[PDB]
């Protein structure tokens, strides 16, 4: 007799959704809900491309709920107060949602659940964004993994859950019920501008559930077979481009796994099978970092290891500015930074290259780079972004190798014809690939393009010195 509310946050789809399917099993009067949260939307680390993608996903989710039989309610404000209020005025029997791993989200959920319980309303929180929940993957000693290799061995051996059913034949709220909650609702989904953002840089995959599923299918039917080694070349469209869809849950993780598994089963070569397996390992890397953040929330605050907590970063603002403005004088680095600010996305090889460059060559606190990435990435995700940056600065629980990438080596290896470089640095197409890769461009040929802001070999030595020196004095 009472409606059940499903609260969407980062699972913007109707298909293969654990919490949603569970709620549907309890009632056909399943009403979706999304709460535009100022604490998230107005954070210093928000990207316009990310909000644009989100907004697009919400537009489709509203449509999907309408076709299913009910609707997606939209609220704006603090969910701790709005969600319980909505559930009460609606006399909802329960509120379902999928758990997250981020500190803010988990804290928020604790408050909402508590408020609901006090109101006598059931709050059900299920795991959905991961193939295996955090407490499901532990070492022999029953503790979380800090090393990927072992985590993967465990993770890959675990039986894989299959996609759940999409809810259908829903029952909408009555006109009276809508009247009772009207005061708490937004009449319409605000435009991107109304949310305080502007974006026309495009996306790696169009927003929404439909486009995410389409990309998954297309990727698994062709390109996935060549993932290894095509994944290493930024000039090639060798990766899935699904990152924002996985971040916001426009696609279910079980459906993604199923599609990759299917391609593997129908593969006719060891090369193809290897490529597909490598892509599956990337999905495991995603879970590794999410699990890590869940088990060790302090990771979000910075270096876990005492050594890196004391590292004497040079922090020359002029160098950071040059990095953010793609004016480093290092073509491969500048091209990557241009792709990021202009399109809200960066190939993984380049994310490693520019992160290494910022921390090792410019010797700037990686946390500055972490923030800048969150300010531009359409797929900006605390767990994965913090994981990537700490990896680049090698700041884990124990001493790890100094991963000092050589920009020229990287470019020669992964962009041998400077195709990617020329694509994002069109002003340098007249320069020979050889010089774009080495970074040695004659003054008259750079036509305004900056000379290298630092010397790699020299900076490499200066960084190692700082390191060893501290490793000694500590």
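Positions refer to the first chain, counted from 1.
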Pick between 257 to 265 and 114 to 122: the one whose mean CA B-factor in the entry is higher.
114 to 122
Higher of the two mean Cα B-factors (308 to 316, 102 to 110; per PDB record) comes from 308 to 316
Between 76, 210, 341, 143, let me know which has the highest C-alpha B-factor in the entry?
143
For 55, 419, 442, 62, the deposited C-alpha B-factor is largest at 442
Here the Cα B-factor of residue 45, set against its chain, lands in the third termed highest
In terms of its chain's C-alpha B-factors, the third that includes residue 25 is the highest
Chain-relative CA temperature factor third for residue 400
highest
Residue 174: CA B-factor among chain residues, third -> highest
Quick check for you: using the entry's CA B-factors within this chain, is residue 365 in the lowest, middle or highest third?
middle
